[PDB]
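Below you'll find the structure, written out as structure tokens, and then a few comments.
Every number in this text was worked out from the coordinates using simple rules, so none of it is lab data. FYI the Cβ positions are ideal-geometry reconstructions off the backbone, even for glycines, and counts take in every protein chain you see.
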Amino acid sequence: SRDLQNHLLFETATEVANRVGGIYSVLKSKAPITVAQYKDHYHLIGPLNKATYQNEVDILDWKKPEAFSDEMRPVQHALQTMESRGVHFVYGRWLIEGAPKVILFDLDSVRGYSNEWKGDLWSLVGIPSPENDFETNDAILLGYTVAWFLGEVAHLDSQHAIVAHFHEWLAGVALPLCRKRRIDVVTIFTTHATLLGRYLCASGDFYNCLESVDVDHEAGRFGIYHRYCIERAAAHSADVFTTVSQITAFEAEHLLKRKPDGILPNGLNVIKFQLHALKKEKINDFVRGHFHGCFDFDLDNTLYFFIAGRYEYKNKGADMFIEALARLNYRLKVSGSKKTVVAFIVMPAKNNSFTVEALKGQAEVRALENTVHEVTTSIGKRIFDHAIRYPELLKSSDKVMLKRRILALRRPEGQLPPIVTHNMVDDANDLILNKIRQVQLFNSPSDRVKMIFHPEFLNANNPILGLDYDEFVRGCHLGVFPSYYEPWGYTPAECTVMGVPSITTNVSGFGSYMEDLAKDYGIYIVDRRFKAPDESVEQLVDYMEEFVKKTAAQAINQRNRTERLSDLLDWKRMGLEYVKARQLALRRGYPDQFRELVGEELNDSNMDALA
Amino acid sequence: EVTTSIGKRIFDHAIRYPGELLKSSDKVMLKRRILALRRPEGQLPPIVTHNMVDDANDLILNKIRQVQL
Amino acid sequence: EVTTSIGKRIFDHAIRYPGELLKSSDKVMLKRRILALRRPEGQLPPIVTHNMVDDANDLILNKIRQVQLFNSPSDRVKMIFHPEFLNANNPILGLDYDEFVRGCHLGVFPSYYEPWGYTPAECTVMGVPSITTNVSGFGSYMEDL
């Protein structure tokens with residue numbers, strides 16, 4: 001009879017020590033909080049990537065008697081066993097804050113049992129498996145191996161109750177087998193999206209008619225069925241099934257046919273982040289360089305809005321964003337407003353570096369700054385040297401360079417400040433460019449919202465916008481992320497962690513989470529789920545307008561409010577949901593033993609029903 | 001302070017395209033500062049920086065006094 | 001980051017008065033940073049910093065290829081071709097021409113046709129030894145002093 005109190009934890013995922021997904025970040029940022037709790041009882045397991053593992057893993061020698069404590073011996077012999085049978089792997093530490101221990105199976109050292117396994121899978125779970133699909137070959141390989149490893153452990157270990165957490169389908173094949181072979185681990189499966197969710201939303205309706213689609217048919221339609229089956233099989237074979245967000249839990253219910261037992265939101269290592277004025281000034285420098293020759297508005301009266309993230313035109317809501325800004329521009333012209341909104345779109349596209357036109361802008365305004373500085377320290381010297389000697393300060397020499405530098409700013413007649421900072425490797429087909437053309441936001445002086453597409457990551461060493469993303473974000477006034485498909489939404493979340501009011505939606509994971517915890521705290525949530533497409537856009541313009549018409553003091557209220565929401569997103573608090581999931585996996589596995597530890601019988605239908 | 005102001009005024013005119021640059025406020029605190037440097041008539045710049053705990057006897061002082069520097 | 005962590009710990013000790021000064025936290029981030037510098041086996045430091053819009057036909061690249069200066073460790077002269085004007089605000093070589101020139105030791109301008117040669121001349125005005133030629137305008141003028 002096993003120890004529920006002092007248990008083992010094995011977290012499995014494709015991303016363990018190779019950034020291939022956004023799960024990499026979850027796992028990496030969670031390490032610290034879980035390593036603190038489980039110390040050397042915790043291991044992450046994943047497919048060894050032979051291209052990268054050396055940049056991320058402190059390779060350890062696992063055979064040395066020191067490598068493991070005495071109670072943790074069994075894992076070591078468990079590994080020992082695996083090597084006998086010719087299963088090669090890299091034990092080691094994953095070089096991140098927390099430095100959790102890691103088992104990385106060489107999928108090549110097992111590639112042999114390929115056919116034998118594709119078969120054994122189909123004849124226990126009816127999961128088809130074409131040979132042209134490497135990922136599933138890899139995901140089956142990984143699966144059989146880990147299940148193998150865990151049986152071994154469960155065999156040798158007999159003191160520790162064993163929980164095994166699996167993330168996303170690619171690391172889920174182990175889940176059916178663990179249930180089939182009646183292996184003595186309680187299992188947990190978290191999905192960070194559904195295959196069908198992505199695929200259905202990859203064209204341009206969803207959140208309404210998802211409850212009435214024939215999944216078996218739609219998976220078919222996408223050449224996905226075998227992948228779909230692994231994702232479902234994992235979801236039913238798990239003792240506890242979870243998703244990262246409420247919104248995704250609803251998608252999972254109907255697309256995978258099992259109602260999630262709970263939600264495991266993504267937290268951040270909030271210390272890792274924790275200025276606005278100091279950084280806003282760097283954005284100012286950019287704007288003067290960009291609107292040189294026709295800089296006709298007041299920076300003390302302009303607001304900076306931004307959107308950022310992967311370039312997913314429809315799914316990240318770049319379409320709503322631009323459209324809403326065009327409609328925000330009308331409202332401000334008609335209302336006769338005094339303010340300007342310069343709106344950045346930071347979304348990496350294929351590009352051929354900066355446009356000549358945008359490089360010049362900056363260089364000429366930088367030289368103006370230099371000349372002014374040289375000229376005024378000259379006046380300084382002259383005023384002071386007069387005063388100290390007691391008993392037009394600009395000489396002709398300075399006037400001439402001053403004049404030259406100001407003439408350098410004039411721009412060709414009828415030429416407007418570019419809507420893009422880079423050379424697009426597809427100017428004609430680009431979804432963003434074409435959408436801001438359609439709405440005719442061309443940065444003309446009449447236009448009260450200005451547009452700036454920057455199709456590349458931000459680095460502080462750039463000739464244009466000399467900010468690192470984190471710097472730029474702080475410098476700004478409002479983040480705008482009208483996402484349509486977005487299981488978590490790190491960017492809005494981490495935007496808020498940095499003390500910057502933001503707009504998300506109720507169909508973002510982060511959004512939906514945030515909903516249950518209004519607008520006074522610097523988070524607006526656009527309803528993209530129940531209003532019609534157009535009413536959603538209009539609600540977005542309302543939130544923007546409201547924000548523009550905010551007094552200097554009304555804004556500093558909000559800023560200060562959101563900044564205090566930051567502690568709500570640390571793993572210190574969100575990690576408690578991983579604990580409910582684990583402890584529900586235990587309660588379900590050893591119902592009897594669990595009653596003895598708690599002093600009664602607690603309810604076991606949800607993680608929240610338990611606690 | 002005065003010159004960084006002049007700086008910002010010259011830069012803002014320029015950046016916006018399309019004579020006394022010292023405004024009255026500056027000329028004032030400038031004048032005050034210059035006047036506080038005036039020394040009481042016939043008071044020369046001292047030959048010493050410190051309070052001498054024996055001003056009359058000190059060899060150094062007296063010798064520079066004797067040579068009237 | 002790590003060093004000021006140490007400075008803080010050393011001072012705070014002494015000031016309170018009355019061995020691995022690097023905690024585990026710091027050793028991990030140090031080790032990652034060191035491993036991130038490992039280059040793929042057999043990769044030598046490029047001879048060029050940029051993307052050549054005609055890599056195969058380029059006169060400079062082809063000549064340094066024909067002389068086989070490939071920057072391997074045995075080579076006692078390293079070769080860096082930087083096909084672009086120098087600007088302080090660059091990711092790679094953050095210097096203006098004038099900064100870079102000054103920070104070098106020797107400018108080499110073996111010109112064949114050059115009625116003056118402002119480059120070697122200004123090089124010299126910035127206090128840097130330089131090699132020109134008796135067929136360079138500036139060289140010729142220099143030979144008479």
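Please report the net charge: other residues with Cβ closer than 12 Å to the Cβ of A:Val548, K and R +1, D and E -1.
Cβ neighbours under 12 Å give a net charge of +3.
I need A:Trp571, A:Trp62, A:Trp169 ordered by Cβ neighbour count within 10 Å, fewest first.
Listed from fewest to most nearby Cβ atoms, that is A:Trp62, A:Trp571, A:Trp169.
Cut-off under 15 Å on the C-alpha distance; same-chain residues fewer than 8 positions from A:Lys549 excluded. Which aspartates and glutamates are left, in chain and number order?
A:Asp300, A:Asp520
Within 10 Å of each Cβ in B:7-14, how many Cβ atoms from other chains are there, averaged over the peptide?
The per-residue average across the peptide is 6.
Shape call for segment A:258-334 from the C-alpha gyration tensor, a ≥ b ≥ c root eigenvalues: rounded (a/c under 1.5), prolate (a/b greater than b/c) or oblate?
Cα axes put segment A:258-334 in the oblate bin.
When all alpha-carbon pairs of segment A:1-71 are counted, what percent fall beyond 19 Å?
45 percent
I want to check the label-to-label distance for A:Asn459 and C:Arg16. Put each point 7 Å from Cα in the C-beta direction and report it in nm to one decimal.
Distance between the two pseudo-spin positions: 4.2 nm.
Over segment A:1-100, what is the mean sequence separation of C-alpha contacts under 8 Å (at least six apart), divided by residue count, expressed as relative contact order in percent?
34 percent
So if I average 1/r over every pair of distinct C-alpha atoms in segment A:435-535 and take the inverse, what Kirkwood radius in Å does that give?
It works out to 15.4 Å.
Arrange the peptides A:177-187, C:124-134, A:549-559 so that the one whose residues have, on average, the most other Cβ atoms within 10 Å appears first.
A:177-187, C:124-134, A:549-559
Cut-off is 10 Å between beta-carbons; in what order do A:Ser396, A:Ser566 appear when sorted fewest neighbours first?
Ordered from fewest to most neighbouring Cβ atoms within 10 Å, A:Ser396, A:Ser566 come out as A:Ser396, A:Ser566.
Taking loop as defined by DSSP and a crowding limit of 15 other beta carbons within 10 Å, which trypsin sites (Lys or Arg not before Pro) in segment C:27-61 fit?
The qualifying sites are C:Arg38.
Starting from the Cα of C:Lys27, draw a straight line to each of the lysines and keep only those under 21 Å, dropping any in the same chain fewer than 8 residues away.
The qualifying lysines are A:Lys28, A:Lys30, A:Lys39, A:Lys101, A:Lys272, C:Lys8.
What is the average number of partner chain Cβ atoms found within 10 Å of a Cβ in A:366-373?
Mean shielding by partner chains, rounded to a whole number: 3.
How much net charge surrounds A:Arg595 when only the other residues with a Cβ under 13 Å from the Cβ of A:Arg595 are counted, with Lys and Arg +1 and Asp and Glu -1?
It works out to a net charge of -3.
Can you tell me what percent of all Cα-Cα pairs in segment C:19-145 are more than 27 Å apart?
For segment C:19-145, the share of Cα pairs beyond 27 Å comes to 43 percent.
Would you work out which of A:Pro391, A:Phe354, A:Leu407 lies farthest towards the positive end of the dipole of segment A:353-429? Charges go on Cβ: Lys and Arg +1, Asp and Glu -1.
Of A:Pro391, A:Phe354, A:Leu407, it is A:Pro391.
Order by neighbour count: C:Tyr112, A:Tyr91, fewest other Cβ atoms within 10 Å first, most last.
Final ranking by Cβ density, sparse to dense: C:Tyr112, A:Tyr91.
With the calculation restricted to Cα positions, what are the radius of gyration and Dmax of the protein assembly as shown in angstrom?
34.3, 118
May I ask for log10 I(q)/I(0) of segment A:353-429 at q = 0.18, 0.23 Å⁻¹, from a Debye sum over the Cα atoms as equal point scatterers with solvent left out?
Results for segment A:353-429 at q = 0.18, 0.23 Å⁻¹ read -0.83, -1.06.
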